[PDB]
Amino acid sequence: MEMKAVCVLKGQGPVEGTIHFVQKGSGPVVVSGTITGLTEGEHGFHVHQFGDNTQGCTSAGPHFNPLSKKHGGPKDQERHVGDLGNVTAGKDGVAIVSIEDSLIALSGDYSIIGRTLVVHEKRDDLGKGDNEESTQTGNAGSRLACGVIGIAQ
């Protein structure tokens, strides 16, 4: 039943974070954590495909997308498995991460264990933007920090 994971976000910039995941059986994945050093406002937050850090955050590849879907927010039927939407930083440069997601898992085909969590320079437009980029990355821009999602005690 009860699975736990951890991710240590690190980057070249001053963005740092610790994210925790817990899933009780078939229950949803509850994500809890903080990110620091952010500019005030919304920042895209996704699970990328590869847990590969040979090229900082570049080697993480694209949004985890085992179904061949277009980019969305967490609530839209049309979304990447990895689409966790946005986290909001305050004027202190800190976001509280508090997400409940049924599509991600810590086991089975949708498991995010050994994939890369990424927080982005800019707001994820949740795939509602006009241009092509919205259907792909939600125009969240740069990868500020990432880590491999690890199994936790």
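When you see a residue number, it is the position in the sequence shown, counting from 1.
> Between 99 to 107 and 122 to 130, point out the one with the higher average CA B-factor as the PDB entry records it.
Stretch with the greater average CA B-factor: 122 to 130.
> Per the PDB record, is the mean Cα temperature factor higher over 59 to 67 or over 90 to 98?
Per the PDB record, 59 to 67.
> Which one, 51, 27, 41, 44, has the peak C-alpha temperature factor per the PDB entry?
Of the candidates given, the C-alpha B-factor peaks at 27.
> Sorting the chain's modelled residues by C-alpha B-factor, tell me whether residue 13 ends up in the lowest, middle or highest third.
Highest third.
> Going by the entry, which third of its chain does the Cα temperature factor of residue 5 land in?
Its C-alpha B-factor, which the entry lists for residue 5, ranks in the lowest third among residues of this chain.
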